[PDB]
file structure01.cif (mmCIF, N, CA and C atoms)
data_start
loop_
_atom_site.group_PDB
_atom_site.id
_atom_site.type_symbol
_atom_site.label_atom_id
_atom_site.label_comp_id
_atom_site.auth_asym_id
_atom_site.auth_seq_id
_atom_site.Cartn_x
_atom_site.Cartn_y
_atom_site.Cartn_z
ATOM 1 N N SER A 201 -112.767 67.212 55.202
ATOM 2 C CA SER A 201 -114.186 66.892 55.120
ATOM 3 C C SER A 201 -114.626 66.756 53.669
ATOM 4 N N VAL A 202 -113.656 66.576 52.777
ATOM 5 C CA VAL A 202 -113.955 66.352 51.368
ATOM 6 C C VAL A 202 -113.494 64.951 50.986
ATOM 7 N N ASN A 203 -112.183 64.686 51.120
ATOM 8 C CA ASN A 203 -111.543 63.376 51.016
ATOM 9 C C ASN A 203 -112.220 62.467 49.999
ATOM 10 N N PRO A 204 -112.149 62.754 48.692
ATOM 11 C CA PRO A 204 -112.901 61.907 47.761
ATOM 12 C C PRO A 204 -112.285 60.525 47.705
ATOM 13 N N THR A 205 -112.785 59.629 48.542
ATOM 14 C CA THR A 205 -112.202 58.289 48.635
ATOM 15 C C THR A 205 -112.953 57.095 48.026
ATOM 16 N N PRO A 206 -114.280 57.195 47.821
ATOM 17 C CA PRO A 206 -115.019 56.030 47.325
ATOM 18 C C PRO A 206 -114.191 55.134 46.423
ATOM 19 N N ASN A 207 -114.225 53.825 46.647
ATOM 20 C CA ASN A 207 -113.358 52.962 45.861
ATOM 21 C C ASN A 207 -113.603 51.450 45.875
ATOM 22 N N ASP A 208 -114.762 50.967 45.420
ATOM 23 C CA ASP A 208 -114.896 49.520 45.347
ATOM 24 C C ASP A 208 -114.520 49.131 43.926
ATOM 25 N N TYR A 209 -113.238 48.818 43.704
ATOM 26 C CA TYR A 209 -112.679 48.762 42.365
ATOM 27 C C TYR A 209 -111.825 47.502 42.206
ATOM 28 N N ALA A 210 -112.393 46.361 42.592
ATOM 29 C CA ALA A 210 -111.768 45.082 42.285
ATOM 30 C C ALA A 210 -111.770 44.769 40.793
ATOM 31 N N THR A 211 -112.273 45.675 39.954
ATOM 32 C CA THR A 211 -112.221 45.513 38.506
ATOM 33 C C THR A 211 -110.903 46.026 37.925
ATOM 34 N N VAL A 212 -110.574 47.294 38.176
ATOM 35 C CA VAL A 212 -109.333 47.882 37.677
ATOM 36 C C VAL A 212 -108.137 47.098 38.197
ATOM 37 N N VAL A 213 -108.140 46.770 39.486
ATOM 38 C CA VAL A 213 -107.105 45.932 40.075
ATOM 39 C C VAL A 213 -107.716 44.561 40.320
ATOM 40 N N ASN A 214 -107.077 43.538 39.769
ATOM 41 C CA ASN A 214 -107.653 42.205 39.674
ATOM 42 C C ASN A 214 -106.532 41.180 39.755
ATOM 43 N N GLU A 215 -106.768 39.977 39.229
ATOM 44 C CA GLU A 215 -105.880 38.830 39.396
ATOM 45 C C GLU A 215 -104.394 39.192 39.409
ATOM 46 N N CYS A 216 -103.954 40.100 38.536
ATOM 47 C CA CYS A 216 -102.586 40.598 38.628
ATOM 48 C C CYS A 216 -102.327 41.109 40.037
ATOM 49 N N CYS A 217 -101.480 40.394 40.755
ATOM 50 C CA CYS A 217 -101.421 40.498 42.202
ATOM 51 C C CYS A 217 -100.181 41.241 42.666
ATOM 52 N N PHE A 218 -100.352 42.028 43.717
ATOM 53 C CA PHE A 218 -99.329 42.911 44.238
ATOM 54 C C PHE A 218 -99.024 42.509 45.671
ATOM 55 N N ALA A 219 -97.738 42.460 46.010
ATOM 56 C CA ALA A 219 -97.298 42.059 47.340
ATOM 57 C C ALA A 219 -97.552 43.135 48.388
ATOM 58 N N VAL A 220 -96.996 44.323 48.173
ATOM 59 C CA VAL A 220 -97.092 45.428 49.119
ATOM 60 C C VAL A 220 -98.108 46.431 48.601
ATOM 61 N N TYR A 221 -98.872 47.028 49.512
ATOM 62 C CA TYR A 221 -99.808 48.093 49.184
ATOM 63 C C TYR A 221 -99.573 49.276 50.109
ATOM 64 N N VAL A 222 -99.711 50.485 49.565
ATOM 65 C CA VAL A 222 -99.593 51.702 50.366
ATOM 66 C C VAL A 222 -100.677 52.683 49.937
ATOM 67 N N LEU A 223 -101.518 53.084 50.887
ATOM 68 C CA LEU A 223 -102.669 53.951 50.653
ATOM 69 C C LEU A 223 -102.447 55.270 51.388
ATOM 70 N N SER A 224 -102.209 56.340 50.633
ATOM 71 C CA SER A 224 -101.928 57.652 51.220
ATOM 72 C C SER A 224 -103.233 58.421 51.434
ATOM 73 N N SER A 225 -103.995 57.965 52.429
ATOM 74 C CA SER A 225 -105.248 58.621 52.790
ATOM 75 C C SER A 225 -105.722 58.186 54.171
ATOM 76 N N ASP A 226 -105.868 59.142 55.088
ATOM 77 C CA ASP A 226 -106.270 58.827 56.454
ATOM 78 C C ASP A 226 -107.751 58.500 56.593
ATOM 79 N N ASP A 227 -108.519 58.482 55.504
ATOM 80 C CA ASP A 227 -109.944 58.192 55.603
ATOM 81 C C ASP A 227 -110.193 56.729 55.938
ATOM 82 N N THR A 228 -110.866 56.484 57.065
ATOM 83 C CA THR A 228 -111.135 55.127 57.533
ATOM 84 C C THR A 228 -111.761 54.244 56.460
ATOM 85 N N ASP A 229 -112.720 54.784 55.708
ATOM 86 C CA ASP A 229 -113.444 54.015 54.699
ATOM 87 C C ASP A 229 -112.519 53.449 53.629
ATOM 88 N N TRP A 230 -111.663 54.301 53.060
ATOM 89 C CA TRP A 230 -110.729 53.859 52.029
ATOM 90 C C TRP A 230 -109.818 52.752 52.549
ATOM 91 N N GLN A 231 -109.295 52.932 53.760
ATOM 92 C CA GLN A 231 -108.441 51.948 54.411
ATOM 93 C C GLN A 231 -109.183 50.628 54.578
ATOM 94 N N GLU A 232 -110.422 50.704 55.067
ATOM 95 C CA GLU A 232 -111.221 49.507 55.295
ATOM 96 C C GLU A 232 -111.529 48.789 53.987
ATOM 97 N N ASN A 233 -111.755 49.542 52.912
ATOM 98 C CA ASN A 233 -111.989 48.928 51.609
ATOM 99 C C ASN A 233 -110.747 48.186 51.128
ATOM 100 N N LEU A 234 -109.581 48.826 51.255
ATOM 101 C CA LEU A 234 -108.330 48.147 50.924
ATOM 102 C C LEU A 234 -108.163 46.880 51.755
ATOM 103 N N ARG A 235 -108.459 46.975 53.053
ATOM 104 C CA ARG A 235 -108.443 45.823 53.946
ATOM 105 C C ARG A 235 -109.296 44.688 53.404
ATOM 106 N N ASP A 236 -110.541 45.009 53.053
ATOM 107 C CA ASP A 236 -111.468 44.004 52.554
ATOM 108 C C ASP A 236 -110.915 43.335 51.307
ATOM 109 N N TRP A 237 -110.387 44.137 50.382
ATOM 110 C CA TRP A 237 -109.833 43.586 49.152
ATOM 111 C C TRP A 237 -108.683 42.625 49.437
ATOM 112 N N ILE A 238 -107.776 43.024 50.331
ATOM 113 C CA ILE A 238 -106.639 42.168 50.667
ATOM 114 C C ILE A 238 -107.118 40.873 51.311
ATOM 115 N N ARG A 239 -108.003 40.986 52.305
ATOM 116 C CA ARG A 239 -108.519 39.800 52.982
ATOM 117 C C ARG A 239 -109.248 38.872 52.022
ATOM 118 N N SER A 240 -109.934 39.429 51.026
ATOM 119 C CA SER A 240 -110.544 38.627 49.976
ATOM 120 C C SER A 240 -109.462 37.858 49.237
ATOM 121 N N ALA A 241 -108.401 38.560 48.833
ATOM 122 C CA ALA A 241 -107.274 37.884 48.196
ATOM 123 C C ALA A 241 -106.681 36.810 49.103
ATOM 124 N N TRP A 242 -106.696 37.039 50.414
ATOM 125 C CA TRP A 242 -106.065 36.127 51.364
ATOM 126 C C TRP A 242 -107.007 35.022 51.828
ATOM 127 N N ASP A 243 -108.083 34.781 51.089
ATOM 128 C CA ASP A 243 -109.117 33.849 51.513
ATOM 129 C C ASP A 243 -108.811 32.443 51.002
ATOM 130 N N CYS A 244 -109.595 31.473 51.485
ATOM 131 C CA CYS A 244 -109.397 30.072 51.125
ATOM 132 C C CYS A 244 -109.518 29.816 49.628
ATOM 133 N N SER A 245 -110.020 30.786 48.861
ATOM 134 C CA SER A 245 -110.125 30.674 47.410
ATOM 135 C C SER A 245 -108.820 30.177 46.798
ATOM 136 N N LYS A 246 -108.887 29.081 46.032
ATOM 137 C CA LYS A 246 -107.723 28.401 45.467
ATOM 138 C C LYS A 246 -106.736 29.322 44.751
ATOM 139 N N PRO A 247 -107.172 30.283 43.933
ATOM 140 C CA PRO A 247 -106.204 31.247 43.391
ATOM 141 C C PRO A 247 -105.753 32.212 44.483
ATOM 142 N N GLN A 248 -104.452 32.188 44.786
ATOM 143 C CA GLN A 248 -103.872 32.973 45.868
ATOM 144 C C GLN A 248 -102.661 33.756 45.378
ATOM 145 N N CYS A 249 -102.428 34.898 46.021
ATOM 146 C CA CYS A 249 -101.228 35.685 45.771
ATOM 147 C C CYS A 249 -100.644 36.276 47.050
ATOM 148 N N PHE A 250 -101.445 36.355 48.113
ATOM 149 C CA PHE A 250 -100.960 36.693 49.451
ATOM 150 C C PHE A 250 -100.376 38.106 49.484
ATOM 151 N N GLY A 251 -101.269 39.090 49.441
ATOM 152 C CA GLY A 251 -100.876 40.479 49.485
ATOM 153 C C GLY A 251 -100.850 41.021 50.908
ATOM 154 N N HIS A 252 -100.219 42.188 51.057
ATOM 155 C CA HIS A 252 -100.169 42.895 52.332
ATOM 156 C C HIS A 252 -100.124 44.396 52.078
ATOM 157 N N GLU B 120 -88.249 -27.053 19.458
ATOM 158 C CA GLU B 120 -88.696 -26.122 18.431
ATOM 159 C C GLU B 120 -89.780 -25.201 18.968
ATOM 160 N N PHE B 121 -90.706 -25.739 19.757
ATOM 161 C CA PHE B 121 -91.746 -24.880 20.305
ATOM 162 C C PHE B 121 -91.165 -23.855 21.266
ATOM 163 N N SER B 122 -90.245 -24.285 22.129
ATOM 164 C CA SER B 122 -89.612 -23.356 23.059
ATOM 165 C C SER B 122 -88.894 -22.245 22.311
ATOM 166 N N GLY B 123 -88.193 -22.592 21.235
ATOM 167 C CA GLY B 123 -87.555 -21.573 20.428
ATOM 168 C C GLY B 123 -88.548 -20.655 19.757
ATOM 169 N N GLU B 124 -89.734 -21.167 19.434
ATOM 170 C CA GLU B 124 -90.711 -20.327 18.756
ATOM 171 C C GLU B 124 -91.400 -19.359 19.707
ATOM 172 N N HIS B 125 -91.600 -19.734 20.968
ATOM 173 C CA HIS B 125 -92.357 -18.878 21.871
ATOM 174 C C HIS B 125 -91.685 -18.563 23.195
ATOM 175 N N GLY B 126 -90.550 -19.167 23.508
ATOM 176 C CA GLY B 126 -89.945 -18.933 24.800
ATOM 177 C C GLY B 126 -90.748 -19.533 25.933
ATOM 178 N N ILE B 127 -90.941 -20.848 25.895
ATOM 179 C CA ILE B 127 -91.595 -21.582 26.972
ATOM 180 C C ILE B 127 -90.887 -22.916 27.123
ATOM 181 N N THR B 128 -90.382 -23.192 28.321
ATOM 182 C CA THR B 128 -89.548 -24.353 28.577
ATOM 183 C C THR B 128 -90.163 -25.235 29.653
ATOM 184 N N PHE B 129 -89.979 -26.544 29.499
ATOM 185 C CA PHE B 129 -90.483 -27.532 30.439
ATOM 186 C C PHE B 129 -89.332 -28.299 31.067
ATOM 187 N N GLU B 130 -89.628 -28.960 32.178
ATOM 188 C CA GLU B 130 -88.658 -29.774 32.892
ATOM 189 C C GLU B 130 -89.005 -31.239 32.698
ATOM 190 N N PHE B 131 -88.012 -32.043 32.358
ATOM 191 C CA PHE B 131 -88.173 -33.486 32.322
ATOM 192 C C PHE B 131 -87.881 -34.043 33.704
ATOM 193 N N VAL B 132 -88.673 -35.021 34.134
ATOM 194 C CA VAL B 132 -88.592 -35.556 35.488
ATOM 195 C C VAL B 132 -88.307 -37.052 35.495
ATOM 196 N N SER B 133 -89.023 -37.819 34.675
ATOM 197 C CA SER B 133 -88.819 -39.260 34.667
ATOM 198 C C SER B 133 -89.476 -39.879 33.445
ATOM 199 N N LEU B 134 -89.003 -41.068 33.087
ATOM 200 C CA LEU B 134 -89.542 -41.853 31.982
ATOM 201 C C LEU B 134 -89.752 -43.281 32.449
ATOM 202 N N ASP B 135 -90.984 -43.768 32.346
ATOM 203 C CA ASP B 135 -91.304 -45.151 32.663
ATOM 204 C C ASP B 135 -91.991 -45.816 31.484
ATOM 205 N N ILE B 136 -91.627 -47.070 31.242
ATOM 206 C CA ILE B 136 -92.291 -47.882 30.237
ATOM 207 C C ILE B 136 -92.845 -49.114 30.924
ATOM 208 N N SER B 137 -93.930 -49.642 30.374
ATOM 209 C CA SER B 137 -94.533 -50.855 30.898
ATOM 210 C C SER B 137 -95.490 -51.390 29.854
ATOM 211 N N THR B 138 -95.526 -52.704 29.705
ATOM 212 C CA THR B 138 -96.348 -53.324 28.683
ATOM 213 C C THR B 138 -97.517 -54.074 29.295
ATOM 214 N N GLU B 139 -98.433 -54.480 28.424
ATOM 215 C CA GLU B 139 -99.575 -55.297 28.817
ATOM 216 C C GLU B 139 -100.143 -55.924 27.558
ATOM 217 N N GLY B 140 -100.017 -57.239 27.428
ATOM 218 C CA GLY B 140 -100.476 -57.897 26.223
ATOM 219 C C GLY B 140 -99.754 -57.422 24.980
ATOM 220 N N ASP B 141 -100.425 -56.628 24.148
ATOM 221 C CA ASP B 141 -99.852 -56.170 22.890
ATOM 222 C C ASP B 141 -99.671 -54.659 22.867
ATOM 223 N N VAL B 142 -99.618 -54.031 24.030
ATOM 224 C CA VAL B 142 -99.509 -52.586 24.127
ATOM 225 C C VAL B 142 -98.340 -52.259 25.032
ATOM 226 N N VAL B 143 -97.580 -51.231 24.675
ATOM 227 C CA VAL B 143 -96.510 -50.722 25.516
ATOM 228 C C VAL B 143 -96.872 -49.307 25.931
ATOM 229 N N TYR B 144 -96.853 -49.057 27.231
ATOM 230 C CA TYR B 144 -97.137 -47.743 27.780
ATOM 231 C C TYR B 144 -95.818 -47.041 28.037
ATOM 232 N N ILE B 145 -95.623 -45.897 27.398
ATOM 233 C CA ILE B 145 -94.423 -45.095 27.566
ATOM 234 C C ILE B 145 -94.843 -43.807 28.244
ATOM 235 N N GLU B 146 -94.401 -43.616 29.480
ATOM 236 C CA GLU B 146 -94.950 -42.598 30.364
ATOM 237 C C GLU B 146 -93.886 -41.564 30.712
ATOM 238 N N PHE B 147 -94.026 -40.362 30.160
ATOM 239 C CA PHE B 147 -93.209 -39.216 30.524
ATOM 240 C C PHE B 147 -93.920 -38.404 31.591
ATOM 241 N N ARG B 148 -93.147 -37.799 32.479
ATOM 242 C CA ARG B 148 -93.691 -36.930 33.514
ATOM 243 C C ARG B 148 -92.967 -35.598 33.449
ATOM 244 N N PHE B 149 -93.630 -34.586 32.917
ATOM 245 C CA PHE B 149 -93.047 -33.262 32.798
ATOM 246 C C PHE B 149 -93.582 -32.350 33.887
ATOM 247 N N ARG B 150 -92.860 -31.265 34.120
ATOM 248 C CA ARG B 150 -93.225 -30.306 35.143
ATOM 249 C C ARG B 150 -92.906 -28.923 34.615
ATOM 250 N N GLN B 151 -93.863 -28.010 34.731
ATOM 251 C CA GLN B 151 -93.787 -26.708 34.089
ATOM 252 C C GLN B 151 -93.924 -25.608 35.124
ATOM 253 N N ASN B 152 -92.952 -24.706 35.164
ATOM 254 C CA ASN B 152 -92.983 -23.574 36.073
ATOM 255 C C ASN B 152 -93.546 -22.352 35.370
ATOM 256 N N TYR B 153 -94.215 -21.499 36.131
ATOM 257 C CA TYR B 153 -94.699 -20.235 35.590
ATOM 258 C C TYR B 153 -95.111 -19.338 36.742
ATOM 259 N N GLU B 154 -95.544 -18.132 36.395
ATOM 260 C CA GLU B 154 -96.087 -17.176 37.344
ATOM 261 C C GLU B 154 -97.483 -16.787 36.897
ATOM 262 N N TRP B 155 -98.400 -16.748 37.855
ATOM 263 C CA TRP B 155 -99.779 -16.457 37.540
ATOM 264 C C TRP B 155 -99.985 -14.991 37.575
ATOM 265 N N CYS B 156 -100.681 -14.463 36.593
ATOM 266 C CA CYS B 156 -100.831 -13.037 36.518
ATOM 267 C C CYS B 156 -102.163 -12.597 37.046
ATOM 268 N N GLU B 157 -102.197 -11.482 37.761
ATOM 269 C CA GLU B 157 -103.468 -10.953 38.209
ATOM 270 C C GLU B 157 -104.175 -10.505 36.977
ATOM 271 N N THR B 158 -105.434 -10.871 36.836
ATOM 272 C CA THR B 158 -106.133 -10.557 35.604
ATOM 273 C C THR B 158 -106.995 -9.350 35.750
ATOM 274 N N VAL B 159 -107.594 -9.207 36.918
ATOM 275 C CA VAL B 159 -108.470 -8.071 37.164
ATOM 276 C C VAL B 159 -108.000 -6.863 36.378
ATOM 277 N N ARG B 160 -106.711 -6.540 36.470
ATOM 278 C CA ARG B 160 -106.153 -5.405 35.752
ATOM 279 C C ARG B 160 -107.254 -4.502 35.277
ATOM 280 N N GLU B 161 -107.841 -3.755 36.192
ATOM 281 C CA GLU B 161 -108.959 -2.918 35.823
ATOM 282 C C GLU B 161 -108.566 -1.448 35.747
ATOM 283 N N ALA B 162 -109.590 -0.618 35.713
ATOM 284 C CA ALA B 162 -109.422 0.831 35.715
ATOM 285 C C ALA B 162 -109.171 1.353 37.126
ATOM 286 N N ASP B 163 -108.559 2.513 37.218
ATOM 287 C CA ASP B 163 -108.058 3.043 38.480
ATOM 288 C C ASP B 163 -109.191 3.610 39.328
ATOM 289 N N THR B 164 -109.014 3.902 40.618
ATOM 290 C CA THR B 164 -110.109 4.405 41.439
ATOM 291 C C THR B 164 -110.570 5.779 40.961
ATOM 292 N N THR B 165 -109.561 6.641 40.667
ATOM 293 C CA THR B 165 -109.878 7.999 40.242
ATOM 294 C C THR B 165 -108.839 8.525 39.257
ATOM 295 N N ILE B 166 -108.649 9.840 39.270
ATOM 296 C CA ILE B 166 -107.568 10.399 38.453
ATOM 297 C C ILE B 166 -106.913 11.615 39.096
ATOM 298 N N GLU B 167 -106.896 11.696 40.415
ATOM 299 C CA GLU B 167 -106.188 12.793 41.121
ATOM 300 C C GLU B 167 -106.476 14.225 40.725
ATOM 301 N N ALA B 168 -105.462 14.968 40.313
ATOM 302 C CA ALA B 168 -105.680 16.395 40.064
ATOM 303 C C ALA B 168 -106.186 17.135 41.324
ATOM 304 N N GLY B 169 -106.612 18.391 41.196
ATOM 305 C CA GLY B 169 -107.125 19.176 42.325
ATOM 306 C C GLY B 169 -107.350 18.558 43.695
ATOM 307 N N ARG B 170 -106.702 19.113 44.719
ATOM 308 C CA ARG B 170 -106.806 18.566 46.075
ATOM 309 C C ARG B 170 -107.611 19.429 47.008
ATOM 310 N N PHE B 171 -106.934 20.092 47.936
ATOM 311 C CA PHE B 171 -107.591 20.962 48.901
ATOM 312 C C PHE B 171 -106.518 21.423 49.872
ATOM 313 N N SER B 172 -106.765 22.463 50.653
ATOM 314 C CA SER B 172 -105.705 22.947 51.517
ATOM 315 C C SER B 172 -106.178 23.923 52.562
ATOM 316 N N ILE B 173 -105.844 23.667 53.818
ATOM 317 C CA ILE B 173 -106.205 24.573 54.893
ATOM 318 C C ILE B 173 -105.053 24.666 55.856
ATOM 319 N N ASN B 174 -104.151 25.608 55.629
ATOM 320 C CA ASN B 174 -102.976 25.724 56.474
ATOM 321 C C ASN B 174 -103.218 26.693 57.589
ATOM 322 N N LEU B 175 -104.370 26.572 58.215
ATOM 323 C CA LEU B 175 -104.697 27.445 59.313
ATOM 324 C C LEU B 175 -103.519 27.576 60.259
#
call {"tool": "encode", "arguments": {"input": "structure01.cif", "output": "structure tokens"}}
result
Amino acid sequence: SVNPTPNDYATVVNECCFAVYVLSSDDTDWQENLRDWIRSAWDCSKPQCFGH
Amino acid sequence: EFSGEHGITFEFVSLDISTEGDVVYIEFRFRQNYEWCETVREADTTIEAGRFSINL
């Protein structure tokens, strides 16, 4: 019930693109944020790197 | 000499002469081959670059 997860940090991690991601935290919010970031990377936007 | 100067050659076909009173008509008939060039030679429709892509 503490789980300090807040993380909208597309600044620290940016264009330098990573293939695999692993998030060691069962908090739904953190997972969903990572999801959003990946799906943003996976969008029709011409610069692509295709992360998972 | 002209052909040597510019690279243009003609074909000879026939020679006829004929007089009348005090004049002689000397009639050559030449024939010249060539290819006609499209002149429009204009600017292109666009310049390509960036396309688009949806590999749904």
call {"tool": "closest_residue", "arguments": {"input": "structure01.cif", "among": "B:166, B:173, B:159, B:136", "to": "chain A", "atoms": "all atoms listed in the file"}}
result
B:173
call {"tool": "closest_residue", "arguments": {"input": "structure01.cif", "among": "B:124, B:137, B:130, B:175", "to": "residue 151 in chain B", "atoms": "only N, CA and C atoms"}}
result
B:130
call {"tool": "select_by_dssp", "arguments": {"input": "structure01.cif", "residues": "chain B", "states": "helix (DSSP H, G or I)", "output": "list in words"}}
result
residues 121, 122, 123, 124 and 125 of chain B
call {"tool": "axis_aligned_box", "arguments": {"input": "structure01.cif", "around": "range 155-160 of chain B", "padding_each_side": "6 Å", "output": "JSON"}}
result
{"center_x": -103.4, "center_y": -10.6, "center_z": 36.7, "size_x": 22.1, "size_y": 24.2, "size_z": 14.9}
call {"tool": "atom_distance", "arguments": {"input": "structure01.cif", "atom1": "atom C of residue 233 in chain A", "atom2": "atom C of residue 170 in chain B"}}
result
29.2 Å
call {"tool": "residues_near_point", "arguments": {"input": "structure01.cif", "point": "(-91.9, -22.8, 34.9)", "cutoff": "8 Å", "atoms": "only N, CA and C atoms", "output": "PyMOL selection string"}}
result
chain B and resi 127-130+150-154
call {"tool": "atom_distance", "arguments": {"input": "structure01.cif", "atom1": "CA of residue 223 in chain A", "atom2": "atom N of residue 244 in chain A"}}
result
23.5 Å
call {"tool": "atom_distance", "arguments": {"input": "structure01.cif", "atom1": "atom C of residue 212 in chain A", "atom2": "atom N of residue 169 in chain B"}}
result
28.9 Å
call {"tool": "interface_residues", "arguments": {"input": "structure01.cif", "of": "chain A", "to": "chain B", "cutoff": "12 Å", "atoms": "only C-alpha atoms", "output": "list in words"}}
result
residues 242, 243, 244, 245, 246, 247 and 248 of chain A
call {"tool": "residues_around", "arguments": {"input": "structure01.cif", "residues": "residue 241 in chain A", "least_positions_apart": "5", "cutoff": "6 Å", "atoms": "all atoms listed in the file", "output": "JSON, numbers by chain"}}
result
{"A": [236, 248, 249, 250, 251]}
call {"tool": "resolve_selection", "arguments": {"input": "structure01.cif", "expression": "the PyMOL selection byres ((chain B and resi 145) around 5)", "output": "VMD selection string"}}
result
chain B and resid 135 to 136 143 to 144 146 to 147
call {"tool": "resolve_selection", "arguments": {"input": "structure01.cif", "expression": "the PyMOL selection byres ((chain A and resi 205) around 8)", "output": "PyMOL selection string"}}
result
chain A and resi 202-204+206-208+227+229-231
call {"tool": "write_last_selection", "arguments": {"input": "structure01.cif", "atoms": "N, CA and C atoms", "output": "JSON list (two decimals), keeping the file's coordinate frame"}}
result
[["chain", "number", "residue", "atom", "x", "y", "z"],
["A", 202, "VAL", "N", -113.66, 66.58, 52.78],
["A", 202, "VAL", "CA", -113.96, 66.35, 51.37],
["A", 202, "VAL", "C", -113.49, 64.95, 50.99],
["A", 203, "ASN", "N", -112.18, 64.69, 51.12],
["A", 203, "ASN", "CA", -111.54, 63.38, 51.02],
["A", 203, "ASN", "C", -112.22, 62.47, 50.00],
["A", 204, "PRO", "N", -112.15, 62.75, 48.69],
["A", 204, "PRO", "CA", -112.90, 61.91, 47.76],
["A", 204, "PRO", "C", -112.28, 60.52, 47.70],
["A", 206, "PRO", "N", -114.28, 57.20, 47.82],
["A", 206, "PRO", "CA", -115.02, 56.03, 47.32],
["A", 206, "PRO", "C", -114.19, 55.13, 46.42],
["A", 207, "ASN", "N", -114.22, 53.82, 46.65],
["A", 207, "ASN", "CA", -113.36, 52.96, 45.86],
["A", 207, "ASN", "C", -113.60, 51.45, 45.88],
["A", 208, "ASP", "N", -114.76, 50.97, 45.42],
["A", 208, "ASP", "CA", -114.90, 49.52, 45.35],
["A", 208, "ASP", "C", -114.52, 49.13, 43.93],
["A", 227, "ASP", "N", -108.52, 58.48, 55.50],
["A", 227, "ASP", "CA", -109.94, 58.19, 55.60],
["A", 227, "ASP", "C", -110.19, 56.73, 55.94],
["A", 229, "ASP", "N", -112.72, 54.78, 55.71],
["A", 229, "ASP", "CA", -113.44, 54.02, 54.70],
["A", 229, "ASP", "C", -112.52, 53.45, 53.63],
["A", 230, "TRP", "N", -111.66, 54.30, 53.06],
["A", 230, "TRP", "CA", -110.73, 53.86, 52.03],
["A", 230, "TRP", "C", -109.82, 52.75, 52.55],
["A", 231, "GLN", "N", -109.30, 52.93, 53.76],
["A", 231, "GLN", "CA", -108.44, 51.95, 54.41],
["A", 231, "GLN", "C", -109.18, 50.63, 54.58]]
call {"tool": "closest_residue", "arguments": {"input": "structure01.cif", "among": "B:149, B:161, B:168, B:155", "to": "residue 131 in chain B", "atoms": "only C-alpha atoms"}}
result
B:149
call {"tool": "resolve_selection", "arguments": {"input": "structure01.cif", "expression": "the PyMOL selection byres (((chain A and resi 219 and name CA) around 7) and name CA)", "output": "PyMOL selection string"}}
result
chain A and resi 217-218+220-221+250-252
call {"tool": "select_by_dssp", "arguments": {"input": "structure01.cif", "residues": "chain B", "states": "strand (DSSP E or B)", "output": "list in words"}}
result
residues 130, 131, 132, 133, 134, 135, 136, 137, 138, 139, 142, 143, 144, 145, 146, 147, 148, 149 and 150 of chain B
